[PDB]
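A.B. asks: let's see this in three dimensions:
(one chain, ligands or ions: 2)
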Amino acid sequence: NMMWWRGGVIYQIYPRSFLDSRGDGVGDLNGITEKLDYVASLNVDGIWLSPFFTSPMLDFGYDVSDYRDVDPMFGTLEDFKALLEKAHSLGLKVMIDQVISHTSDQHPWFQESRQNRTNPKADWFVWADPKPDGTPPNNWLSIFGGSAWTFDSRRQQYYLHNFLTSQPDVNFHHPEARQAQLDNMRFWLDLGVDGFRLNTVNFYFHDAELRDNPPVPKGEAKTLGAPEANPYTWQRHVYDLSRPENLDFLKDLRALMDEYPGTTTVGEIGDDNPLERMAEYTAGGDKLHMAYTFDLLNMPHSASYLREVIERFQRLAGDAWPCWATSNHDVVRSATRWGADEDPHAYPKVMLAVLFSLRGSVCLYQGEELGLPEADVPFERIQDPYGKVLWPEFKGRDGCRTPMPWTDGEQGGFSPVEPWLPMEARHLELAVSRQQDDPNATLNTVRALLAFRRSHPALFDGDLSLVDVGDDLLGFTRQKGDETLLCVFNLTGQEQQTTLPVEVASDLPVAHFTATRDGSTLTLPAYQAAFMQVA
Ligand SMILES: OC[C@H]1O[C@@H](O)[C@H](O)[C@@H](O)[C@@H]1O
Ligand SMILES: [Mg+2]
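C.D. replies: Numbering: from 1, shown residues only. Ligands and ions are numbered 1, 2, ... in the order given. Next up is the structure itself:
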């Protein structure tokens, strides 16, 4: 079963906010270990762990100072081995983050690199002389504010950083650095990890000519990976990322993965044309296994929009393979971002049904299975530095990083002390304990939907074909071998009706969904889904 990843569902855990088992108010590995039974009960195929490596935590894990160890705040390496072993014992695959695009400035490589222009690791990072006027070498901007270049007095040069100043980008034009990062991945592969989520996978290479980016002409759409309030979105990003050379490196990376059968990779795409880039990076079977984009991580969410996304993707390379996600640690929770103007109890069910019925892999964010709304984090409680640069137009990512509601008790049973982010009040009555034995609650809807998905080959990796189901409905067929299923979704809060584009063999009941099939006319109540066998 070495193709488990091609259609499998992965449960993303944000370590800081899952479960605190030691008592410092911050989630740790042992808590995850304690809740692997819960995770397994979701009928998901595996997990993706956000960074838990040694880090100053200035970007909370994504500024890595030691690629081959666990930060004391999350526990130890042995703790991780225990977590991995128990997870394997439950039939769960374990994937972990890899942030090889950039390191913390506290990483030994950079500490050495910054001292002078001639040291062994001087070229392991991206250094450039200032312009004659002492200004940055080009117009590249940091996503987290300011120029992408920061001056260092030691070398009298600027160093590049797409994100924080404390996150210098690695110079992938230096083969030994590439190799060092590959080795860093190999370290974790040798420990038995089942795969990697590749942080900003298209960022790896930059234009060595350091050419200026062109601006986006007024009225054209901005990039999906950043809020429009961010000046980052004022230029087309062609030279600061997504270079051709990266393809070659991807092959190398894939080669490493090939040395360990059954392992996989999912790339995070941050690009002006995310679908196209995902196709490019996941094509050939010699590069990325799969990748996800921000197309379903933004504001549009109509059935017509989904149709546009699916159509657009189907026009790309057919050998490509997508991973779909409606929520993660970087965006507003799906129940709020998409379903703010919808029923808070009904909409997450049909949304997640759509997510689970799309052709591709799935990323399911912690709490999304509870239909958790975006939390309101007060100014004085803000932790994410990305929330302190564009306030209040953009308030950062803390809203989706609030602690997991296990019980409706004190601090949601997350911690015996005050957690690093405040527990959201509204989450308490949506807690796991309050929701576990409720068959009408979103959790069990998710369980049933994923078991249902698991019982049908067509919903694993079957082909997808859009069909006419009306303007206010989303409809398509999934086909593999004997089995052809018709999937119809009502994402609206109003009853909808359509003529069936194919012939139904039998109705398929799943997760207490209600739909009326009268001959050739199908009716769907508000926020309902319909699955059917096709003759
Ligand atoms: O590390 C810089 C940023 O890169 C993004 O791709 C990650 O998903 C974020 O969590 C992180 O803050
Ligand atoms: Mg702890």
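
A.B. asks: the closest residue to residue 70 other than its chain neighbours: how many residues sit nearby?
C.D. replies: Using Cβ to Cβ, 6 or more residues apart in numbering and skipping residues adjacent in sequence, the residue nearest residue 70 is residue 77, 5.1 Å away. Any C-beta I mention is one placed from the backbone N, CA and C, and that applies to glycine too. Summarising burial for residue 77: neighbours were counted as other Cβ atoms under 10 Å, giving 13.

A.B. asks: again with residue 502
C.D. replies: Residue neighbour count, defined by other Cβ under 10 Å, stands at 15 for residue 502.

A.B. asks: returning to what we had before: next, the residue nearest to residue 70: phi, psi?
C.D. replies: Backbone torsions of residue 77, given as degrees, to the nearest 10, read phi -70, psi -30.

A.B. asks: before we move on, what about the one 5 residues further on?
C.D. replies: Dihedral angles of residue 82 (phi, psi; degrees, to the nearest 10) stand at phi -60, psi -50.

A.B. asks: one more: residue 78?
C.D. replies: Dihedral angles (degrees, to the nearest 10) for residue 78: phi -70, psi -40.

A.B. asks: which residue sits closest to residue 422, ignoring its sequence neighbours?
C.D. replies: Of all residues not flanking residue 422 in the chain, residue 381 sits nearest, at 5.2 Å (Cβ to Cβ, 6+ apart).

A.B. asks: what sits against that neighbour?
C.D. replies: Listed by Cβ atoms under 8 Å, 6 or more residues apart in numbering, the contact set of residue 381 reads 398, 421-422.

A.B. asks: quick revisit: how much space between the residue nearest to residue 70 and ligand 2?
C.D. replies: Residue 77 is 15 Å from ligand 2, where distance means Cβ to the ion, to the nearest Å.

A.B. asks: now swap in residue 349 and tell me
C.D. replies: 33 Å.

A.B. asks: near residue 100, how many other residues are there?
C.D. replies: When counting by other Cβ under 10 Å, one arrives at 25 neighbours for residue 100.

A.B. asks: got it, and residue 390?
C.D. replies: As a burial measure, the neighbour count of residue 390 was computed by other Cβ under 10 Å and equals 17.

A.B. asks: quick one: it and residue 228 touch, right?
C.D. replies: No. The pair residue 390 and residue 228 fails to qualify as a contact (Cβ atoms under 8 Å) at a distance of 10.2 Å.

A.B. asks: overlap in contacts, those two.
C.D. replies: Counting by Cβ under 8 Å, 6+ apart, nothing touches both residue 390 and residue 228.

A.B. asks: residue contacts, the nearest residue to residue 399 once chain neighbours are set aside?
C.D. replies: Ranked by Cβ to Cβ, 6+ apart and with sequence neighbours excluded, the top spatial neighbour of residue 399 is residue 374, at 4.6 Å. Shown here is residue 374, whose contacts under the criterion Cβ under 8 Å, 6+ apart are 332-333, 335-337, 399-400.

A.B. asks: ranking the contacts of residue 381 by neighbours, who comes first?
C.D. replies: Ranked by neighbour count under the definition other Cβ under 10 Å, the contacts of residue 381 are headed by residue 398 with 24 neighbours.

A.B. asks: ok, now which ones touch that residue?
C.D. replies: When contacts are taken as Cβ under 8 Å, 6+ apart, residue 398 is in contact with 375, 377, 381-384, 387, 421.

A.B. asks: which non-adjacent residue is nearest it?
C.D. replies: Per Cβ to Cβ, 6+ apart, closest to residue 398 is residue 377, 4.3 Å.

A.B. asks: wouldn't the one you found be in contact with residue 395 here?
C.D. replies: Yes. Between residue 377 and residue 395 a contact is recorded at 7.5 Å, counting by Cβ under 8 Å.
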